[PDB]
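Trainee: I have a structure I would like to understand better, so I am pasting it below and will then ask my questions one at a time.
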Amino acid sequence: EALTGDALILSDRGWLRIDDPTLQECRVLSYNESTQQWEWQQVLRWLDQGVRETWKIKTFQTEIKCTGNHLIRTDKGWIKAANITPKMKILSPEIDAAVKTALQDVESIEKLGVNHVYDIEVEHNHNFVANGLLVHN
């Protein structure tokens, strides 16, 4: 739902800060429920969120801090971020000759508290991947 200012989100170019040109002007990586595969969706509009508490979900492949109450995609499907535990795994995209899905293991979630938050909306799948972690929006 919301990502901290120092957070990074996948875009057409790749991993960049939540307030990068590619996130705000180029397509981003999402899990297309319709085609059951990774696809790029257009970033509708960059939105700020200012002061908001955040939880840092840490995984072996990546780590990021968001609202912590919004549901995010996991191996089993969408799950409340607060509910996520180290055991939980999240499917992430792999860039190469062909896009491939790979699960990452959650190390733990660490509270970051009140932070500056920013995020952008998407068109078709209504979802996007922040720092390799799929988040509903």
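Each chain in the structure tokens gets a letter, A, B and so on, in the order shown; residues start at 1 in every chain, and ligands are counted from 1 in the order they appear.
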Report as JSON lines the residues of range 35-61 of chain A within 6 Å of range 122-133 of chain A, each with its shortest atom pair and distance in Å (one decimal), using only C-alpha atoms, ordered by chain and increasing residue number.
Mentor:
```
{"residue": "A:42", "atom": "CA", "partner": "A:122", "partner_atom": "CA", "distance": 5.6}
{"residue": "A:43", "atom": "CA", "partner": "A:122", "partner_atom": "CA", "distance": 4.6}
{"residue": "A:44", "atom": "CA", "partner": "A:122", "partner_atom": "CA", "distance": 5.1}
```
Trainee: Okay, now the selection with C-alpha atoms, as a short mmCIF file (atom, residue, chain, number, x, y, z; two decimals), in the first residue's frame?
Mentor:
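And here's result.cif as it stands now:
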```
data_model
loop_
_atom_site.label_atom_id
_atom_site.label_comp_id
_atom_site.auth_asym_id
_atom_site.auth_seq_id
_atom_site.Cartn_x
_atom_site.Cartn_y
_atom_site.Cartn_z
CA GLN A 42 1.52 1.14 -16.45
CA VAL A 43 2.13 3.29 -13.40
CA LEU A 44 -1.03 5.38 -13.17
#
```
Trainee: Residues near residue 105 in chain A, anyone? I mean within 12 Å using only C-alpha atoms, not counting same-chain ones fewer than 6 positions away, as a list in words.
Mentor: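 Surrounding residues, per the criterion: residues 57, 58, 59, 60, 61, 62, 63, 74, 75, 84, 85, 86, 87, 88, 89, 90, 91, 92 and 133 of chain A.
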Trainee: Using only C-alpha atoms, which of A:50, A:14, A:113, A:93 sits nearest residue 31 in chain A?
Mentor: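 Residue with the minimum atom-to-atom distance to residue 31 in chain A: A:93.
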Trainee: If you measure from CA of residue 81 in chain A to CA of residue 67 in chain A, what distance in Å do you get, rounded to one decimal?
Mentor: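 It comes out at 8.1 Å.
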Trainee: Please identify which residues in chain A DSSP calls strand (DSSP E or B) from the backbone, and express them as a ChimeraX atom specification.
Mentor: /A:3-4,8-10,15-17,28-32,37-41,43-59,63-66,71-73,78-80,89-94,100-122,127-130,133-136
Trainee: Work out how far CA of residue 116 in chain A is from CA of residue 134 in chain A, in Å to one decimal.
Mentor: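 Computing it gives 20.2 Å between the two atoms.
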Trainee: I'd like the neighbourhood of residue 119 in chain A as an MDAnalysis selection string, where a residue qualifies if any of its atoms comes within 8 Å (using only C-alpha atoms), though same-chain residues fewer than 2 positions away should be ignored.
Mentor: chainID A and resid 1:3 18 46:49 117 121
Trainee: Figure out the distance between CA of residue 66 in chain A and CA of residue 52 in chain A, please, to one decimal in Å.
Mentor: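 A separation of 9.0 Å between them.
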Trainee: When DSSP is applied to the backbone of this structure, which of range 21-107 of chain A are assigned alpha helix (DSSP H)? Write them out as number ranges by chain.
Mentor: A: 21-25
Trainee: Point out the residue among A:96, A:12, A:110, A:6 with the least atom-to-atom distance to residue 39 in chain A, counting only C-alpha atoms.
Mentor: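 Smallest distance to residue 39 in chain A is found for A:12.
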Trainee: Ranking A:72, A:95, A:82, A:29 by minimum distance to residue 54 in chain A and counting only C-alpha atoms, which one comes first?
Mentor: A:82
Trainee: Could you tell me which of A:13, A:45, A:136, A:80 comes closest to residue 120 in chain A if we count only C-alpha atoms?
Mentor: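 Among the listed residues, the smallest separation from residue 120 in chain A belongs to A:45.
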